[PDB]
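Chain by chain, the residues run as shown.
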Amino acid sequence: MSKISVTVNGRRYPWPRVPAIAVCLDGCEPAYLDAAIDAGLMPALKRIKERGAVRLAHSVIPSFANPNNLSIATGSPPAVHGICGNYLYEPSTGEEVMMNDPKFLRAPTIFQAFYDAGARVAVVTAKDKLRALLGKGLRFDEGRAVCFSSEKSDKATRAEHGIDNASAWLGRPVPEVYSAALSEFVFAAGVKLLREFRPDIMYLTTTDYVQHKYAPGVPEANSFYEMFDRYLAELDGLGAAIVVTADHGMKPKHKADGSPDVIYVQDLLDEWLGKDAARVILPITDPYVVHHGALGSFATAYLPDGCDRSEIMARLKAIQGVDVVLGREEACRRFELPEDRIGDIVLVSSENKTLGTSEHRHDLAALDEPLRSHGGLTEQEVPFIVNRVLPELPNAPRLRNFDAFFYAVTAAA
Ligand SMILES: [Zn+2]
Ligand SMILES: [Zn+2]
């Protein structure tokens, strides 16, 4: 008998004998887990680490949710699947088209591939925007797929999500978007699906609300991870093979006084090339939002035709806090990004600084706590923990967060 596999985007996935699960702990800087484990709050993960496989992996750059969740879902980088931010920019129109519609995804997900091969597949997200993207190609007419968000759990229908009202089904209220509870609902749905639905493949992904607000080891951060550990214990005890990873880590991005340390790239280009001659894009946000959940450490810029690129890069690189400056071609090769969805230049800032657009008229402040964020190389390193013995599992830089399902199903086989 030859072995059974499903091939997706050039990678061969063995058929999982037990359920294969990947858990994306959004914004889980490895230090969060170390501190909660050290506080005695994660007995299940502590034991799983001792008996299983413990690694660090590299996320995709830019280290944001959309490119990374979709890389995990397809097992491929954004050069393959097409999702490299929250919105695309049309130069010869001035259009900022949203990149949350599934029409923008250019490669099949592992979920569809297994579904089409006859598997039972489940996808649960905290936020609904990711839901439609991650759910692309799934069908709900054979009782073999479930895909919904905590955010819109009460809107789920059999015909479009594979379940009639996930909130009523789970027995929990729709959580607040800005809460740890939005993530807890994902974990609880995951356990209940594992028991009652018995997926071959399941993806659980959360949000980093808690992590943007609280540093590793503080009471509110510890409580979140203590909470996760209880659901992890249950998933593990039910016999699934599990990879725990993250879309990106999390670092403090603030000066000593507790205020944001920001380099305003639009101002710098407006000054060197003329106002609005160039366009700076910040992939973390949807551009029409005036709250500091729009500050990250990665930026791309569309430059006026004919201008001296090589010169403009030199000036940006000479600024303290600007770590990496690369042309389209080089940035795309190095970070594995699609050339048709990136600016002429790519910028990555240093560990404690972010990148903004402009200062005149200015953006607005949101919450009390000092800024914590991601997007750069300094939030690329993430946990990658498997509840099975896997001595051949690579480490970073070879191991990527988007190797999660590859090794989950390998373990499960
Ligand atoms: Zn995230
Ligand atoms: Zn975030």
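Parameters at a glance
Residues numbered from 1 in each chain as written, not as in the entry; some residues may be left out. Chains lettered and ligands numbered in written order. Heavy atoms only, no water. Helix = DSSP H or I, 4+ residues; strand = E, 2+ residues; numbered from the N terminus. Expected span 1.5 Å × (residues − 1). Buried < 20%, exposed > 50% of the residue type's maximum accessible area, 1.4 Å probe, protein only. Donors = N, O, S within 2.8 Å, 3.2 Å for Na, K, Ca; no water. Salt bridge = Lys/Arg side-chain N within 4 Å of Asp/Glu carboxyl O.

- Under the PDB entry, the name given to the protein chain is phosphonoacetate hydrolase, and the source organism is Sinorhizobium meliloti.

**Comments concerning helix α11 (residues 219-237)**
In step 1: The first and last C-alpha atoms of α11 sit 27 Å apart over 19 residues, in line with the 27 Å expected at 1.5 Å per residue.
In step 2: Burial in α11 covers these residues: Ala221, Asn222, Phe224, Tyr225, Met227, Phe228, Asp229, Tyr231, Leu232 and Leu235.
In step 3: Trailing α11 by a residue or two, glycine 239 shows a phi angle of about 95°, which is positive.

**Here we look at the coordination of the zinc ion (ligand 1)**
In step 1: Taken together, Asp26 (OD), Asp247 (OD) and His248 (NE2) make up the full set of protein donors to the zinc ion (ligand 1), lying 1.9 to 2.2 Å away.
In step 2: Counting gaps between the donor residues of the zinc ion (ligand 1) yields the pattern D-x220-D-H.
In step 3: Between the zinc ion (ligand 1) and the zinc ion (ligand 2), a separation of 4.1 Å is found. Placement of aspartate 26 in the loop between β3 (20-24) and α1 (30-38) and of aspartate 247 in the loop between β10 (241-245) and β11 (251-252) is noted, with a sequence separation of 221 residues between them.
In step 4: Exposure remark for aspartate 26: the relative accessible area of 5% places this residue in the buried category.
In step 5: Look at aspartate 247 and you get buried, because its relative accessible area is 0%.

**Comments concerning the pattern of salt bridges**
In step 1: In this structure the tally under the stated criterion is 17 salt bridges.
In step 2: Two residues, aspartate 403 and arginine 11, come together in a salt bridge whose shortest N-O distance is 2.8 Å. Within this pair, whereas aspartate 403 is found in the loop between β19 (381-386) and α15 (404-412), its partner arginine 11 is found in strand β2 (residues 11-14), the two being separated by 392 residues in sequence. Judged on exposure class, the residue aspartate 403 and its partner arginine 11 are both buried.

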